[PDB]
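K.L.:
Can you look at this? It's an experimental structure, sequence on top.
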Amino acid sequence: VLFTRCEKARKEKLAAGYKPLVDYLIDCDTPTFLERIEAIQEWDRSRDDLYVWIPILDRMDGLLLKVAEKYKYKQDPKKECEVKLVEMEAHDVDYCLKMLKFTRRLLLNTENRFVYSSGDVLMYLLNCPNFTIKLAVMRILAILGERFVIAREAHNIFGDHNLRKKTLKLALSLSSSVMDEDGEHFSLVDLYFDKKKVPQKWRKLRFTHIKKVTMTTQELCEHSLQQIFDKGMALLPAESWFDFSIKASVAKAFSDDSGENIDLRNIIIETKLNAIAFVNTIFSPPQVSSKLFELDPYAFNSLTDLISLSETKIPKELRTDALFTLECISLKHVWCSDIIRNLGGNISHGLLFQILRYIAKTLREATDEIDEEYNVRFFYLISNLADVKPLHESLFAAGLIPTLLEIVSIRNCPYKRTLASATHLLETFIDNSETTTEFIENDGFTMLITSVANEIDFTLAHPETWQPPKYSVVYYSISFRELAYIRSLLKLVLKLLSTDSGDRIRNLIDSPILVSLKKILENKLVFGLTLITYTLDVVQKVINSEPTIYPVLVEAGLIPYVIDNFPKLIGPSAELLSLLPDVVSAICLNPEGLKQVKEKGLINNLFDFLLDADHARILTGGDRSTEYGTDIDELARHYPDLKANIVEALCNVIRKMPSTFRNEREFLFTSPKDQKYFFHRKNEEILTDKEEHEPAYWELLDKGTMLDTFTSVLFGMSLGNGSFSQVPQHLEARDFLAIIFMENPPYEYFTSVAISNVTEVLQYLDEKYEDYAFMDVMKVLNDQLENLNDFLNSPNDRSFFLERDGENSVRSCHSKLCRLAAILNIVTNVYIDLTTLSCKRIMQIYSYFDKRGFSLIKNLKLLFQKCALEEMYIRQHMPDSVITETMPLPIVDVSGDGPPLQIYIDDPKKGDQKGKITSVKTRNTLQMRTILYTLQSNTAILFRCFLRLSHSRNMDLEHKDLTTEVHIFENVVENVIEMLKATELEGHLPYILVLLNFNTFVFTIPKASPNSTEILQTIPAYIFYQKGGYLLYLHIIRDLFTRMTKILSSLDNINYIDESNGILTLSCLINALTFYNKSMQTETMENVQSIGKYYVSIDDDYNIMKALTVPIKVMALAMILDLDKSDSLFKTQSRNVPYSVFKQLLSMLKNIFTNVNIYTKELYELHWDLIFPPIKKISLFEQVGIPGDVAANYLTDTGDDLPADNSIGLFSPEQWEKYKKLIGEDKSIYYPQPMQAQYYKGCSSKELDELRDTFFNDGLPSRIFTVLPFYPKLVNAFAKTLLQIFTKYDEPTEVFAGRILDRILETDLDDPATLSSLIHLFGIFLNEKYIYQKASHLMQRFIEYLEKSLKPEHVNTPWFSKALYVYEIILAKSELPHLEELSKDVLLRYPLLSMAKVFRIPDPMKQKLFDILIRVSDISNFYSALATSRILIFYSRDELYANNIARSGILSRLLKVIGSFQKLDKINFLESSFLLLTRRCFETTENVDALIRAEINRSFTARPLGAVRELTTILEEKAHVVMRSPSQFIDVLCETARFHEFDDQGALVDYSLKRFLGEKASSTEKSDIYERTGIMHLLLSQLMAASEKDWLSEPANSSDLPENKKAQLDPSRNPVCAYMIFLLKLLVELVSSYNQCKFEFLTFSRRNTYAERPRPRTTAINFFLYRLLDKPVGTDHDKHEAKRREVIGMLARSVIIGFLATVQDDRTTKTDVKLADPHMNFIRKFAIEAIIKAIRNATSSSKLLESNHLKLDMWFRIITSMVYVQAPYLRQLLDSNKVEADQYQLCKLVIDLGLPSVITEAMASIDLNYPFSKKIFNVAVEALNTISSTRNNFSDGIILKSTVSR
């Protein structure tokens, strides 16, 4: 719970209210408590919350907590012993029943019972044989569950089985209405009716569980409770005893037929009633009726008939016991209508109002026959039963109101309670205007005034009694119950006030109180209080009901006086203080009330409580407050003139508001162990406690508390202005901002909660006038700082605060310090930012620059310096046993101001670990210590924000910034860096390192937006250039890498903060790395322009950033050489640099080359006043005396120069005296003078190039290679600077690679799994190809070993997984599109030379390891397989190489590896490669070589323009066919495109291919038949096993939509089908491409068979014609498989249709092809007929007819695609020429068959009584249309790829 200070504070305030009372209980013994248990009953007055009694609640708990263990009743809802039911001791039962019933009454007399501080024995004591304990607990528990649902459903015991199921079964413990052998039922109407048949067989019980038991008759007469359960568990399983006990109690009641039988009957009845109430609370008719109303629905009318006070006979025990249960169930709508109709809800006579009028009379007599409890209970029940409005009118038709008004006349009776309940029910039912005119005309609108007068007089009839609440505050003095009944009266009257008000107000303009209402005006203690709140409610309603009567009743004299006493009665009433404008504001304009308001000047009277936290708490500190802060603006609309009052009527008080504050408690406290604020050692004692670091007092204090609601209303009103339109004009905020310092403004300003309502309101001036102080605020702010600059100016050594502990030092200033810091952070956050943009604040800021400039920053430097040095210092004095939990800064809410991650204790993952123990040193300080860094570094982020501005701000601004802003930055950079300028390395380490971290963080424009780089301000960079501390760092780094030696677990992959001196070593260092990297990156930074451009009187002309890039780099090169002088790690070992840091170097190494194109002409200077145009000359002109204008005349006349002369026109000789004094003999030095490349001369390549050569002269770029092995693996990416050094050469690394080739066997397995790595980089030397052209000898000088490497079982080379690729480099060269390196020895005027020397990979070499190639098969890795495949595909070159690679077994490896896959990820690349493979793997010479050769006059010809298709425009565009088979391609080219336009004379000038060919059976019936090798016979069987292994399953997918985003979208999800799709695609593709693949399937069978002309083993073909494609399934079990089958219906069509193709190549013309070969022509028809039978199979067995359906469904689609030679995935590979005889020799072919009309009988073969049989043939009709239509002329992810596409 968000127990914000206010909430819990109110909770304690409750204690003061009644803790003094409960002291009675808290301060008494248990026996005394025991005596009081039943001596309390219920309040004489209203209910109360039990929070303050939470202690007494737990007292009762303990009193009755262990008693569960007293008889073991402490039960586990996991141990099935049920804590054996043994009788609880009567007095101990009473000890419990006392508190139970006392707890029962407490609940029933308490309100807001959600505290739950007296539980813990919940399921436990109820486990007792006696119903006394068991039923008392059952009742109180039903009530508890009701309150719990009343809380919309505090223990979470719902997991219990024992009690939960006990109650669930008690819902039908035995039965609701029951039935007996006699016609009677034991009807519910038999509450106490022993006047019916009473079966005696129920002396026993029988309980199966199949474990059946008995308690036979008269056996359950001596065995009682304990013995019953003993023999039960003897007969029963110990776990289950519930129904045994239920029926045993039933029998024990039965055991006799005496009062015990009736008594125990009532007891079990009430148990069941509590169970039913709770069940309906938790269960619903879906469950309730599901349990009973299939058992005994004799409930509704029964209950309607059971009980009635008219039936004043029922022993009220069960009557009431049901009542509340009955009531609870009746609350439901389902049951409401039930008993409503049972009563006959339109009677006025039945029990509906029979009892109503009976009780009405009972009230008139008041003969103590009035059970106030029962009375009020049904009152409120019917209040609840007002639920059903239609039945509300039904009752309105049941003589509703007048039947009720019989009671309204019953007064002067003692039953104020039931009288109050009657008023409440009356208020409840009132909904109708027809009910109004009923009541009004019933004469009910006379008993109103009747009771009015009666009780108004009665008020003074009993001043003697007047016994208000005793133990609670009583504003009034009259007896409680009376004026509570009156509260009900007033509520009813008010709610009636609004409706039908005009006529009735006229009726009772003088109700018997109207003129005597003044009774109430002053009868505060006589007529009660907060009833006057309800009089105000009347007034407001009147102020809206009939304001016209206001002046009329102003004449009554009551209204005018109210204004007279109005100032006095203004007080703490939220309602009033919420409804005040509703009552007052509007009347300000009503003439009568207008004058009445104007008199006395009521505005000031309104506020009065202005300085009263009571009222602030009253108004909720919000909402109502804020709401009111918006509402009371209504009078402002009425009377803006009063605003001056509402302005000053308060400012008299507001302006005093700062003056209000009083001194308050301490904030710092010394340790009650040594009286010290801070721990002085790592091993220091803990001032242990479970307190909270922050003492919450201010907000709790009236000033904070009041100001809460204050700001609430402030933000309500000031919103849109108001008095604030004049308060700034009246009051000055800064003058008023003493509220910002207050008196003791504590540490807990972090509790600055009203800020929004504070700052947001303040923004209105930010909207109106920041300049309404702003710089003034900050000036007085500084003033304060200087005032605080007392122990701010403290020792620079360490924490004197630690030393001075036990003293008032900070205590004195403490609160002010945090006050100030946090308030300023807030000010900055809200206002001070680059977002302001307003020129006015810009100029005011400039005015500040003028008056002080920057000196504040010095105080800031000192403060920050002292800031955490202490904690840093104390940290060593600070118990890490305490830091580990305390960890001041590493605490919740610490998220901003770029935390320069600090030295934490545990993993930062866990962070805050408070709450266990506290310490005064921790407590008062942790609240502070955490704060400090937050207070700071938000300073620094803003400081950096003070840099760019106009560069990006550039709204209306001025020149002032020209000199000052530069002056400011100078007054900034060194000013704070001085803090660290001196700090050396260590001891300073912990503090200064982090300081440096954030320092590097700053100096960078806070620019990331698109995650970009902070833009690394140019200005401060140059202001540090003049500082040159870069070079200081270049010195330090010497220590730093050497500081490795002073340093573990790992190098690169360790994080978090426990302890790492190594981390300490480079912690700060890391930033300098990135800094320097981007330090060279002006491209990543802005681009300032040149000082030479700015200043013409200079030598160093240069763009600032561009020049400064270099000199840092020349010094960096010097440093590089220095470090390498020792070799550092440059050619050394120990892999010290972290892999991460090593990689980092590369960036830090890339920059090495990074260079500005133009030569850099040295770096010059910095000056704030020597700005262009020089202000210095004019400055000295008026320093001698010449005014600016006359002084300017010179520079504007000359510019960028200095006169240094006397007796000029503007510099007249009388200026000689004031110039000679100014003459310093250095006037020429009044301009910047060049800076230098420290330790060097040229801030340019002047030395960097020479030293680069020196590396090359010194061969360093190779010494690195020696140190690569440690972290070289991915550095390949950084082989590009390398590339530039090689462009310059100056050293050969091709020589290095050759030496490695020599060394490449010195690899000597090179740490297997590191062989391939370092050698991958080595081959990456090759990837630096250029020279790769040559070295063929060296290249061969290694390929010789490559041959010798052999590894015939490369499985022995897992590192060869991708040394596959490192070879693949040698592969790419291998043939280098072989072309036999032939010299064309022809007429050419172009080189076309051998750029790369390859020695064309002598063929004998290839076959050798190619034998190994096939002789290695399995090695490792999925992508190694990808490679291997792709290599062999690029290969399979000679096409006899391809032949041999066929039947290579490794094919089988591929098959039963991949197809055996269960779940793979990205085989897609292999799948593309394998499409191309199959194009190559089945590279049928004729069907590829002769294929192209037929396509040649169509490849080059390709239907030319009619024919140029220039060589490079065609030949280089023949790449597809070129690589189809470069060998067979050239062969096909051997006869191609003779080509013309050759320059006659043995000269060639042309490339437009045109004229002639290159110079211009083989197959057989089995050509594409015997090529079949029986692969399918088991290939497709294992393929199906891969596929038919439930290719329909839902994958283990979520996707955020497991089967709707990816099932009807991408059915491939199921991994099983993820490759079945591939199977289909590839198989159909290879079919289409080559005839044999089409023939490859015909003989498939589960077994294996091979016959002449492969005699069709019908298994294959028939199955294809059958389920093979259909794969029928029950239904759309999964959208994955469902959409799968859907797309398959889309696909199988195209699949088979393409199967019907011929070659899908050169002969695609098919212009007049009207036959196939002898073994193909019938293949066209072939197995079809089984489908004709399949069609006929459907025709028979109408369910078989229904079975086929989908086949038929497809059949129409199938037949349409067939005849029309069309499909969804068709013609994307085909030609319209293909369908020239295909369509013909299909349509006319079937015409030859004459088959179609036969299937028409298939329709004739059905009945028209199927839902889709009508629908089914519609598609057929087209198929029917297909019949002659075609021959009538006779007599997305879809992949479609052509052949050349392959």
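P.N.:
Okay, I see it. Numbering: from 1, shown residues only.
K.L.:
Show me the helices in the stretch 301-450 of the chain, by range?
P.N.:
Along the stretch 301-450 of the chain, counting by DSSP state H, counting those that start in this stretch, helices occupy 316-330, 333-343, 351-365, 372-384, 389-396, 401-408, 416-429, 433-439, 445-461.
K.L.:
Can you redo these as a markdown table, where the extra columns are distance to residue 55?
P.N.:
For every residue, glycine as well, the C-beta is placed using N, CA and C. Output for those, formatted as a markdown table (distance: least, C-beta to C-beta, whole Å):
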| stretch | distance to residue 55 |
| --- | --- |
| helix 316-330 | 29 |
| helix 333-343 | 41 |
| helix 351-365 | 42 |
| helix 372-384 | 29 |
| helix 389-396 | 46 |
| helix 401-408 | 43 |
| helix 416-429 | 30 |
| helix 433-439 | 49 |
| helix 445-461 | 39 |
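K.L.:
chain center to the longest helix anywhere in the chain, what's the gap?
P.N.:
Counting by DSSP state H, the longest helix found in the chain is helix 259-282. Counting by C-alpha atoms, centre = their mean, to the nearest Å, helix 259-282 is centred 50 Å from the centre of its parent chain.
K.L.:
So which elements touch that helix?
P.N.:
The contact analysis (3 or more C-beta pairs under 8 Å, 6 or more residues apart in numbering; DSSP states H and E) places helix 259-282 against helix 131-150, helix 162-170, helix 242-255, helix 288-291, helix 316-330.
K.L.:
what helices or strands is the fourth one leaning on?
P.N.:
It refers to helix 288-291. Under the contact criterion of 3+ C-beta pairs under 8 Å, 6+ apart, helix 288-291 touches helix 259-282.
K.L.:
Apply 7 Å and report the result again.
P.N.:
Of the remaining helices and strands, none touches helix 288-291 by 3 or more C-beta pairs under 7 Å, 6 or more residues apart in numbering; DSSP states H and E.
K.L.:
Run through who's touching it.
P.N.:
Helix 288-291 is contacted by residues 171, 172, 279, 280 when judged by C-beta atoms under 7 Å, 6 or more residues apart in numbering.
K.L.:
next one: stretch 77-91
P.N.:
71-75, 123, 127-130, 133, 159-162, 225-226, 229, 238-239, 241, 245.
K.L.:
can you tell me the distance between the two ends of it?
P.N.:
Across stretch 77-91, the terminal residues are separated by 27 Å (C-alpha to C-alpha, to the nearest Å).
K.L.:
out of the helices and strands packed on helix 259-282, nearest to residue 1162?
P.N.:
Closest to residue 1162 of those, according to C-beta to C-beta: helix 131-150, at 84.2 Å.
K.L.:
Can you tell me, leaving aside adjacent residues, what's nearest to residue 913?
P.N.:
residue 885 (4.6 Å; C-beta to C-beta, 6 or more residues apart in numbering).
K.L.:
Work out for me the element that neighbour sits within.
P.N.:
For residue 885, the element it lies in under DSSP states H and E is helix 880-886.
K.L.:
can you pull the buried residues of that helix?
P.N.:
882, 883, 885, 886 (16 or more other C-beta atoms under 10 Å).
K.L.:
For the chain, which residue occupies the most central location?
P.N.:
Here the mean C-alpha position of the chain is nearest to the C-alpha of residue 1600 (C-alpha atoms, centre = their mean), at a distance of 14.9 Å.
K.L.:
which SS class is it?
P.N.:
Here residue 1600 is recorded as coil under DSSP: H, G, I helix; E, B strand; the rest coil.
K.L.:
How much space separates it from residue 1606?
P.N.:
Using C-beta to C-beta, to the nearest Å, residue 1600 is found at 10 Å from residue 1606.
K.L.:
Same question for residue 1822.
P.N.:
Per C-beta to C-beta, residue 1822 is found 34 Å from residue 1606.
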